[PDB]
Amino acid sequence: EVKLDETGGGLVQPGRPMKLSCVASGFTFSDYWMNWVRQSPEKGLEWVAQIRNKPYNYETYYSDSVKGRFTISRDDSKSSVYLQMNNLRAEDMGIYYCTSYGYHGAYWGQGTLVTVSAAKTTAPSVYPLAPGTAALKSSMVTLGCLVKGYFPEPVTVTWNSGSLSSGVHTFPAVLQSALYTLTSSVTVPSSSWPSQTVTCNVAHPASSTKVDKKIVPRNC
Amino acid sequence: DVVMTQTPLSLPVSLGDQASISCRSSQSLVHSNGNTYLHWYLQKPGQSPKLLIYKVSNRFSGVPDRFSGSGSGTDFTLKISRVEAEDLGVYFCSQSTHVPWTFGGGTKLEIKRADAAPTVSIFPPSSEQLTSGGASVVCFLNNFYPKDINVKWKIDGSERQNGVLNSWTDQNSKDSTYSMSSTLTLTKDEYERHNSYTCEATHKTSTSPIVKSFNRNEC
Ligand SMILES: O=C(O)c1ccccc1-c1c2ccc(=O)cc-2oc2cc(O)ccc12
């Protein structure tokens, strides 16, 4: 099991700095070239920097877009790579992936979102979505959870501390009035609800918010 | 910068079908050391890119025998023998023979399946949102196919053309359907100026629209 654990992402004001870190385990780190690649809806996938290994003197390369503003470094003693970013602009926004490239293969970390904006962090407003008249669609029931007006991304949504997996739909966040709004549906066997308790748990790291709303029946 | 061109942009296929993705480079990808640094990745919805084929044709560890890489010079192709539902997602090629390393724009693999109509659910504001003085009306259109669908909201028989947010999921890895969420966000003052809220969908599986509604007072 290899893993590239990248951290240090988040919201940052334009012109300010940010530092990303990546810790590797599960493969011989010194045999690989480390690369940061970012991804944004606009330009898609773009390579930004590279730091070679020992045999190649830890030589570094950068793309024209970040040369002079970004510095990449590694520490083989700690199986880590770092990306120091300075004077960030809107065009630097995106998901940054830590990657290791070697002779027989390559691995990519999970990615960490870097948001470059002046806007302030806004906690989300979480509200449960119960049926107008809870009976039985077929052999199922659709329940929901609304995550309204937060900033920035991402927000994590799970159902029943995570125990409810199949039958869950978490829609992509949408930007409205400078704020994100997202929803999540889950369908459960009719005999299961409202018998047992179903609740969505929402986490918004940026504002350190952690909410657990139980989905109750509502005739209104 | 070496330019990577990927074709096609979208590739619909049925389970069992064979699929071909082509990738071309503006310059030769044969490195002076003699290797050809061209790789293929698959990015599944929600996940990061995973390496499939390395250096034109080497199947990476844990990759199914049904994926093969081929080509040379500046023309490379990626073949998938028999498409499974889990192969859904975007495929990218990259060259790392030249600095800067560059990626193709990706090819989305879509899985053609039998039509399925939307399972619609409408949700009126919870008491809690109303207390903050907000009124969001949510409507789910789950597991349908094809992706192409249309939703319309009608307030008191009239068509609302302001305050609606729509969001589509990517195609499902398990059953190949699509879902969609539609939210009508009104202030609570706005929400009490009317009575009928209707979520209306148009999917080629039905000649007549699929309608879901609720009345405020009827509640
Ligand atoms: O191909 C290699 O010999 C190699 C071996 C160990 C670490 C890095 C590389 C490597 C390269 C080594 C020398 C060189 O001149 C160019 C290299 O390009 C690579 C490109 C990759 O995608 C992935 C790996 C490489």
# chains A, B, ... in the order shown; residues from 1 in each chain; ligands from 1
$ interface_residues --of "chain A" --to "chain B" --cutoff "9 Å" --atoms "only C-alpha atoms" --output "MDAnalysis selection string"
chainID A and resid 43:49 61:64 97 104:111 125:132 137 142:144 146 169:176 181:185 218:220
$ residues_around --residues "segment 2-9 of chain A" --least-positions-apart "5" --cutoff "9 Å" --atoms "only C-alpha atoms" --output "list in words"
residues 18, 19, 20, 21, 22, 23, 24, 25, 26, 27, 95, 96, 97, 98, 99, 100, 107, 108, 109, 110, 111, 112, 113, 114 and 115 of chain A
$ closest_atom_pairs --of "chain B" --to "ligand 1" --cutoff "7 Å" --atoms "only C-alpha atoms and all ligand atoms" --output "CSV"
residue,atom,partner,partner_atom_place_in_ligand_line,distance
B:33,CA,ligand 1,15 (O),6.4
B:35,CA,ligand 1,1 (O),6.9
B:37,CA,ligand 1,22 (O),5.3
B:96,CA,ligand 1,22 (O),4.8
B:97,CA,ligand 1,18 (O),5.7
$ write_last_selection --atoms "N, CA, C and O atoms" --output "mmCIF file, in the first residue's frame"
data_model
loop_
_atom_site.group_PDB
_atom_site.id
_atom_site.type_symbol
_atom_site.label_atom_id
_atom_site.label_comp_id
_atom_site.auth_asym_id
_atom_site.auth_seq_id
_atom_site.Cartn_x
_atom_site.Cartn_y
_atom_site.Cartn_z
ATOM 1 N N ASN B 33 17.612 8.893 -24.444
ATOM 2 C CA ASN B 33 18.101 7.699 -23.776
ATOM 3 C C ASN B 33 17.433 6.475 -24.331
ATOM 4 O O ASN B 33 17.761 5.359 -23.946
ATOM 5 N N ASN B 35 13.987 5.761 -24.338
ATOM 6 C CA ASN B 35 12.689 5.352 -23.790
ATOM 7 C C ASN B 35 11.680 6.284 -24.414
ATOM 8 O O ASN B 35 12.068 7.309 -24.926
ATOM 9 N N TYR B 37 8.561 8.214 -23.127
ATOM 10 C CA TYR B 37 7.787 8.536 -21.943
ATOM 11 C C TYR B 37 6.357 9.005 -22.189
ATOM 12 O O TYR B 37 6.018 10.192 -21.990
ATOM 13 N N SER B 96 6.394 12.828 -20.879
ATOM 14 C CA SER B 96 7.354 13.284 -19.874
ATOM 15 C C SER B 96 8.732 13.061 -20.451
ATOM 16 O O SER B 96 9.704 12.790 -19.750
ATOM 17 N N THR B 97 8.805 13.179 -21.762
ATOM 18 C CA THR B 97 10.069 13.057 -22.450
ATOM 19 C C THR B 97 10.689 14.462 -22.472
ATOM 20 O O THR B 97 11.905 14.607 -22.428
#
$ residues_around --residues "segment 156-162 of chain B" --least-positions-apart "4" --cutoff "7 Å" --atoms "only C-alpha atoms" --output "mmCIF file with N, CA, C and O atoms, in the first residue's frame"
data_model
loop_
_atom_site.group_PDB
_atom_site.id
_atom_site.type_symbol
_atom_site.label_atom_id
_atom_site.label_comp_id
_atom_site.auth_asym_id
_atom_site.auth_seq_id
_atom_site.Cartn_x
_atom_site.Cartn_y
_atom_site.Cartn_z
ATOM 1 N N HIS B 194 -46.794 32.533 -2.461
ATOM 2 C CA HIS B 194 -47.381 31.520 -3.340
ATOM 3 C C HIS B 194 -47.854 30.235 -2.622
ATOM 4 O O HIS B 194 -47.688 30.089 -1.408
ATOM 5 N N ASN B 195 -48.443 29.305 -3.378
ATOM 6 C CA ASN B 195 -48.958 28.054 -2.799
ATOM 7 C C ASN B 195 -48.533 26.748 -3.464
ATOM 8 O O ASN B 195 -48.284 25.737 -2.794
ATOM 9 N N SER B 196 -48.479 26.753 -4.784
ATOM 10 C CA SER B 196 -48.107 25.543 -5.477
ATOM 11 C C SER B 196 -46.665 25.560 -5.983
ATOM 12 O O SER B 196 -46.230 26.489 -6.668
ATOM 13 N N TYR B 197 -45.932 24.512 -5.626
ATOM 14 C CA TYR B 197 -44.546 24.347 -6.047
ATOM 15 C C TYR B 197 -44.442 23.016 -6.796
ATOM 16 O O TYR B 197 -44.698 21.931 -6.239
#
$ residues_around --residues "residue 199 of chain A" --least-positions-apart "6" --cutoff "7 Å" --atoms "only C-alpha atoms" --output "VMD selection string"
chain A and resid 159 to 160 212 to 215
$ residues_around --residues "segment 73-83 of chain B" --least-positions-apart "2" --cutoff "7 Å" --atoms "only C-alpha atoms" --output "PyMOL selection string"
chain B and resi 15-25+27-30+66-71+85+87
$ write_last_selection --atoms "N, CA and C atoms" --output "compact mmCIF listing (two decimals), in the first residue's frame"
# COMPACT_ATOMS: atom_id res chain seq x y z
N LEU B 15 -21.49 -2.23 -22.51
CA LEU B 15 -20.72 -3.21 -21.80
C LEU B 15 -20.37 -4.28 -22.80
N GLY B 16 -19.14 -4.79 -22.72
CA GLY B 16 -18.70 -5.81 -23.66
C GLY B 16 -17.96 -5.24 -24.85
N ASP B 17 -18.37 -4.06 -25.32
CA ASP B 17 -17.73 -3.39 -26.45
C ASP B 17 -16.21 -3.14 -26.32
N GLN B 18 -15.58 -2.94 -27.46
CA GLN B 18 -14.17 -2.63 -27.50
C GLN B 18 -14.12 -1.10 -27.61
N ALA B 19 -13.07 -0.48 -27.08
CA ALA B 19 -12.96 0.98 -27.18
C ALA B 19 -11.53 1.38 -27.55
N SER B 20 -11.40 2.46 -28.30
CA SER B 20 -10.08 2.92 -28.74
C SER B 20 -9.84 4.38 -28.48
N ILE B 21 -8.76 4.71 -27.80
CA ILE B 21 -8.52 6.13 -27.56
C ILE B 21 -7.17 6.40 -28.16
N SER B 22 -7.12 7.49 -28.89
CA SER B 22 -5.91 7.88 -29.59
C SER B 22 -5.28 9.13 -28.98
N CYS B 23 -3.96 9.17 -29.00
CA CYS B 23 -3.26 10.31 -28.45
C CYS B 23 -2.08 10.61 -29.35
N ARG B 24 -1.99 11.86 -29.78
CA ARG B 24 -0.90 12.31 -30.66
C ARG B 24 -0.12 13.45 -30.05
N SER B 25 1.18 13.49 -30.35
CA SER B 25 2.06 14.53 -29.84
C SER B 25 2.59 15.36 -31.00
N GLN B 27 5.47 16.70 -31.13
CA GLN B 27 6.86 16.28 -31.34
C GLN B 27 7.06 14.85 -30.91
N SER B 28 8.13 14.25 -31.42
CA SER B 28 8.48 12.89 -31.11
C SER B 28 8.68 12.70 -29.62
N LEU B 29 8.19 11.59 -29.09
CA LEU B 29 8.33 11.34 -27.68
C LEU B 29 9.45 10.36 -27.38
N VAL B 30 10.27 10.05 -28.39
CA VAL B 30 11.40 9.14 -28.16
C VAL B 30 12.57 9.92 -27.55
N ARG B 66 -7.29 -6.48 -19.96
CA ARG B 66 -8.05 -5.93 -21.07
C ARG B 66 -7.62 -4.53 -21.52
N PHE B 67 -6.64 -3.92 -20.83
CA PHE B 67 -6.14 -2.60 -21.25
C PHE B 67 -4.82 -2.77 -21.99
N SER B 68 -4.69 -2.23 -23.18
CA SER B 68 -3.38 -2.33 -23.82
C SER B 68 -2.97 -0.99 -24.44
N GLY B 69 -1.66 -0.77 -24.49
CA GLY B 69 -1.14 0.47 -25.03
C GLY B 69 -0.34 0.14 -26.25
N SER B 70 -0.39 1.04 -27.23
CA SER B 70 0.31 0.80 -28.46
C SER B 70 0.72 2.10 -29.10
N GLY B 71 1.67 2.03 -30.03
CA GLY B 71 2.08 3.22 -30.75
C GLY B 71 3.57 3.43 -30.78
N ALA B 85 -18.39 -1.71 -16.54
CA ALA B 85 -18.98 -0.48 -16.03
C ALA B 85 -18.00 0.35 -15.19
N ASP B 87 -14.95 0.95 -15.82
CA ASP B 87 -13.95 1.64 -16.67
C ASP B 87 -14.42 3.06 -16.99
$ atom_distance --atom1 "atom CA of residue 207 of chain B" --atom2 "atom CA of residue 135 of chain A"
26.6 Å
$ select_by_dssp --residues "chain A" --states "strand (DSSP E)" --output "PyMOL selection string"
chain A and resi 3-7+10-12+18-25+33-40+44-51+60-62+70-75+80-85+94-101+106-108+112-116+125-129+140-150+156-159+168-170+174-176+179-189+199-204+209-214
$ residues_around --residues "residue 52 of chain A" --least-positions-apart "5" --cutoff "12 Å" --atoms "only C-alpha atoms" --output "PyMOL selection string"
chain A and resi 29-36+57-62+72-76+81+99-102
$ write_last_selection --atoms "N, CA, C and O atoms" --output "JSON list (two decimals), in the first residue's frame"
[["chain", "number", "residue", "atom", "x", "y", "z"],
["A", 29, "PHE", "N", 11.28, 5.64, -1.79],
["A", 29, "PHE", "CA", 11.25, 7.06, -2.10],
["A", 29, "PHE", "C", 12.44, 7.63, -2.84],
["A", 29, "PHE", "O", 12.26, 8.45, -3.73],
["A", 30, "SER", "N", 13.66, 7.24, -2.46],
["A", 30, "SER", "CA", 14.82, 7.80, -3.12],
["A", 30, "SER", "C", 14.98, 7.37, -4.57],
["A", 30, "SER", "O", 15.74, 7.98, -5.29],
["A", 31, "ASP", "N", 14.27, 6.34, -4.99],
["A", 31, "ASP", "CA", 14.31, 5.90, -6.40],
["A", 31, "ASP", "C", 13.34, 6.66, -7.31],
["A", 31, "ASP", "O", 13.19, 6.28, -8.46],
["A", 32, "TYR", "N", 12.67, 7.69, -6.80],
["A", 32, "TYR", "CA", 11.67, 8.41, -7.58],
["A", 32, "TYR", "C", 11.88, 9.92, -7.72],
["A", 32, "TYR", "O", 12.47, 10.57, -6.85],
["A", 33, "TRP", "N", 11.33, 10.45, -8.81],
["A", 33, "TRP", "CA", 11.36, 11.87, -9.12],
["A", 33, "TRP", "C", 9.99, 12.36, -8.61],
["A", 33, "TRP", "O", 8.99, 11.73, -8.90],
["A", 34, "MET", "N", 9.96, 13.45, -7.84],
["A", 34, "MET", "CA", 8.72, 13.98, -7.26],
["A", 34, "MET", "C", 8.18, 15.12, -8.12],
["A", 34, "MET", "O", 8.95, 16.03, -8.55],
["A", 35, "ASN", "N", 6.88, 15.13, -8.37],
["A", 35, "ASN", "CA", 6.31, 16.19, -9.21],
["A", 35, "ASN", "C", 5.01, 16.69, -8.63],
["A", 35, "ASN", "O", 4.23, 15.91, -8.08],
["A", 36, "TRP", "N", 4.75, 17.98, -8.75],
["A", 36, "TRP", "CA", 3.45, 18.47, -8.29],
["A", 36, "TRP", "C", 2.72, 18.75, -9.58],
["A", 36, "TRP", "O", 3.31, 19.26, -10.53],
["A", 57, "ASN", "N", 21.30, 14.65, -8.71],
["A", 57, "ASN", "CA", 21.54, 15.83, -7.91],
["A", 57, "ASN", "C", 20.36, 16.64, -7.43],
["A", 57, "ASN", "O", 20.52, 17.83, -7.16],
["A", 58, "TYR", "N", 19.18, 16.05, -7.33],
["A", 58, "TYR", "CA", 18.07, 16.80, -6.81],
["A", 58, "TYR", "C", 17.83, 18.03, -7.67],
["A", 58, "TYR", "O", 17.44, 19.05, -7.14],
["A", 59, "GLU", "N", 18.07, 17.93, -8.98],
["A", 59, "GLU", "CA", 17.83, 19.02, -9.92],
["A", 59, "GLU", "C", 16.32, 19.35, -9.92],
["A", 59, "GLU", "O", 15.50, 18.46, -9.80],
["A", 60, "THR", "N", 15.98, 20.61, -10.08],
["A", 60, "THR", "CA", 14.59, 21.02, -10.07],
["A", 60, "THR", "C", 14.22, 21.72, -11.36],
["A", 60, "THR", "O", 15.06, 22.31, -12.03],
["A", 61, "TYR", "N", 12.95, 21.65, -11.73],
["A", 61, "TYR", "CA", 12.49, 22.28, -12.96],
["A", 61, "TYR", "C", 11.14, 22.83, -12.60],
["A", 61, "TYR", "O", 10.50, 22.30, -11.71],
["A", 62, "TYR", "N", 10.70, 23.85, -13.32],
["A", 62, "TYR", "CA", 9.44, 24.52, -13.06],
["A", 62, "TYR", "C", 8.80, 24.88, -14.39],
["A", 62, "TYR", "O", 9.48, 24.91, -15.42],
["A", 72, "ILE", "N", 10.38, 24.06, -4.98],
["A", 72, "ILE", "CA", 10.10, 22.72, -4.57],
["A", 72, "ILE", "C", 11.34, 22.15, -3.87],
["A", 72, "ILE", "O", 12.48, 22.42, -4.24],
["A", 73, "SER", "N", 11.13, 21.33, -2.84],
["A", 73, "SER", "CA", 12.27, 20.76, -2.14],
["A", 73, "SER", "C", 11.89, 19.39, -1.63],
["A", 73, "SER", "O", 10.69, 19.10, -1.53],
["A", 74, "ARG", "N", 12.90, 18.57, -1.31],
["A", 74, "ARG", "CA", 12.65, 17.24, -0.77],
["A", 74, "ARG", "C", 13.61, 16.91, 0.35],
["A", 74, "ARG", "O", 14.65, 17.53, 0.48],
["A", 75, "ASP", "N", 13.22, 15.94, 1.17],
["A", 75, "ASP", "CA", 14.05, 15.47, 2.27],
["A", 75, "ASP", "C", 13.88, 13.96, 2.23],
["A", 75, "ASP", "O", 12.83, 13.44, 2.62],
["A", 76, "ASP", "N", 14.90, 13.28, 1.74],
["A", 76, "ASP", "CA", 14.85, 11.83, 1.64],
["A", 76, "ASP", "C", 14.84, 11.20, 3.01],
["A", 76, "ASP", "O", 14.35, 10.10, 3.16],
["A", 81, "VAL", "N", 8.23, 15.80, 0.31],
["A", 81, "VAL", "CA", 8.45, 16.84, -0.70],
["A", 81, "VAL", "C", 7.57, 17.99, -0.23],
["A", 81, "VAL", "O", 6.50, 17.78, 0.36],
["A", 99, "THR", "N", 3.03, 13.66, -6.81],
["A", 99, "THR", "CA", 3.21, 12.47, -7.62],
["A", 99, "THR", "C", 4.64, 12.00, -7.55],
["A", 99, "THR", "O", 5.54, 12.77, -7.30],
["A", 100, "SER", "N", 4.84, 10.71, -7.75],
["A", 100, "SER", "CA", 6.20, 10.20, -7.70],
["A", 100, "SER", "C", 6.33, 9.40, -8.99],
["A", 100, "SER", "O", 5.49, 8.61, -9.32],
["A", 101, "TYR", "N", 7.39, 9.65, -9.71],
["A", 101, "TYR", "CA", 7.62, 8.99, -10.98],
["A", 101, "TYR", "C", 8.89, 8.21, -10.96],
["A", 101, "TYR", "O", 9.97, 8.71, -10.59],
["A", 102, "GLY", "N", 8.80, 6.98, -11.38],
["A", 102, "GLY", "CA", 10.00, 6.20, -11.34],
["A", 102, "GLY", "C", 10.18, 5.35, -12.57],
["A", 102, "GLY", "O", 9.54, 5.51, -13.59]]
$ atom_distance --atom1 "atom CA of residue 119 of chain A" --atom2 "atom CA of residue 84 of chain A"
22.5 Å
$ residues_around --residues "residue 86 of chain A" --least-positions-apart "5" --cutoff "8 Å" --atoms "only C-alpha atoms" --output "PyMOL selection string"
chain A and resi 15-18+69-70
$ select_by_dssp --residues "segment 35-169 of chain A" --states "helix (DSSP H, G or I)" --output "CSV table (one decimal) with N, CA, C and O atoms, in the first residue's frame"
chain,number,residue,atom,x,y,z
A,54,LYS,N,18.6,11.6,-5.9
A,54,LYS,CA,20.1,11.6,-5.7
A,54,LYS,C,21.0,11.4,-7.0
A,54,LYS,O,21.9,12.3,-7.2
A,55,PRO,N,20.8,10.3,-7.7
A,55,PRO,CA,21.6,10.1,-8.9
A,55,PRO,C,21.6,11.3,-9.8
A,55,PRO,O,22.6,11.5,-10.6
A,56,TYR,N,20.6,12.2,-9.8
A,56,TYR,CA,20.5,13.4,-10.6
A,56,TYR,C,20.6,14.7,-9.8
A,56,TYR,O,20.1,15.7,-10.3
A,76,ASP,N,14.9,13.3,1.7
A,76,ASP,CA,14.8,11.8,1.6
A,76,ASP,C,14.8,11.2,3.0
A,76,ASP,O,14.3,10.1,3.2
A,77,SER,N,15.4,11.9,4.0
A,77,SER,CA,15.4,11.3,5.4
A,77,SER,C,14.0,11.3,5.9
A,77,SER,O,13.6,10.3,6.6
A,78,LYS,N,13.1,12.2,5.5
A,78,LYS,CA,11.7,12.2,5.9
A,78,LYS,C,10.7,11.7,4.9
A,78,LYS,O,9.5,11.8,5.1
A,90,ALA,N,-5.3,34.3,-8.9
A,90,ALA,CA,-6.5,33.5,-9.2
A,90,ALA,C,-6.1,32.3,-10.1
A,90,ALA,O,-6.7,31.2,-9.8
A,91,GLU,N,-5.2,32.4,-11.0
A,91,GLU,CA,-4.9,31.3,-11.9
A,91,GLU,C,-4.1,30.2,-11.2
A,91,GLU,O,-3.8,29.2,-11.9
A,92,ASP,N,-3.8,30.3,-10.0
A,92,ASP,CA,-3.0,29.3,-9.3
A,92,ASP,C,-4.0,28.3,-8.6
A,92,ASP,O,-3.6,27.3,-8.1
A,160,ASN,N,-24.8,8.4,8.4
A,160,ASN,CA,-24.7,7.4,9.5
A,160,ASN,C,-23.2,7.2,9.9
A,160,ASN,O,-22.7,6.1,9.8
A,161,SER,N,-22.5,8.3,10.2
A,161,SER,CA,-21.1,8.2,10.5
A,161,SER,C,-20.3,7.5,9.5
A,161,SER,O,-19.1,7.3,9.6
A,162,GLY,N,-21.0,7.1,8.4
A,162,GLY,CA,-20.3,6.4,7.3
A,162,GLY,C,-20.9,5.0,6.9
A,162,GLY,O,-20.6,4.5,5.8
